[PDB]
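Here we start with a single chain on its own, the form deposited in one PDB entry, put down as structure tokens.
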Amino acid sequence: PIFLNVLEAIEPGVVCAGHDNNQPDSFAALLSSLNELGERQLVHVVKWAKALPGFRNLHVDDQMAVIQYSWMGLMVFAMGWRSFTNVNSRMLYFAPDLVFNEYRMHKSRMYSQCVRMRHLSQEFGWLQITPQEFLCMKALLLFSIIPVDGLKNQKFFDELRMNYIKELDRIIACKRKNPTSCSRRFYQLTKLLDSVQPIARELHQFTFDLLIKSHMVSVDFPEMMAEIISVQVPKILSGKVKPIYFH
């Protein structure tokens, strides 16, 4: 289980938002902490992605771009798993110090998106996603959104993605002799993985609008995150960069 030993070994630990929870909830503070949190997680997504088998093969420029494009989707997936294992989908476990109840979902003005992520969180339980299927699906998520104009070296990316899909195949085949059994499972996971994209899109849209009017709502965007949003998010929303759906 060399591949899975690696995925487990590099899985990031707990990341806290640094949110002041004894302060009454406000849009400005919740979002400022979500932005800070988002940034704190990116630091781990980068160290995590670079330690992934074969990731180093990608061209240095594709590595960064791929991490940036899939940044939202990867967080969504990991947050839903956290919400499932930690609180049973009762709330959204963004971080230990940033747990969202419906009231917070509403105040953040990302209610539609939150309810969708809560549903994703319930899927982990309904589908009985094992900790290993989770790890392999998350890795595959990093290789699921590319530029229509192509990466600097599109071929290496294609090979890499195909190998991650093959690993998922193995995890599914592990303890499933019936081919029909493996098929139904692949269908379910690929379907669950696609469902992450529409959520990421809505979150991307929300983040884009929020940045443009950041100054009017007193939200504080980290210097690094603002730059990445202004350069990368529009490519996604305008259709230049698109996610790879299975279905």
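Quick note: we count residues from 1 along the sequence shown, nothing fancier.
Missing here is the form deposited with a partner chain bound; even so, the following discussion is about that form.
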Interface segment, criterion being heavy atoms within 4.5 Å of its partner chain in the bound PDB entry, picked from 24-32, 211-219, 61-69, 192-200: 61-69
4.5 Å heavy atom contact, residue 227 and its partner chain in the bound PDB entry: yes
Examine residue 182 and determine whether its closest non-hydrogen atom to its partner chain in the bound PDB entry is within 4.5 angstroms. no
Considering non-hydrogen atoms and a 4.5 Å limit, does its partner chain approach residue 46 in the bound PDB entry? yes
Contact with its partner chain in the bound PDB entry for residue 52, defined as at least one heavy atom pair within 4.5 Å: yes or no? no
What I'd like checked is whether 102, 116 and 237 together line its partner chain in the bound PDB entry, meaning each has a non-hydrogen atom within 4.5 Å of it. no
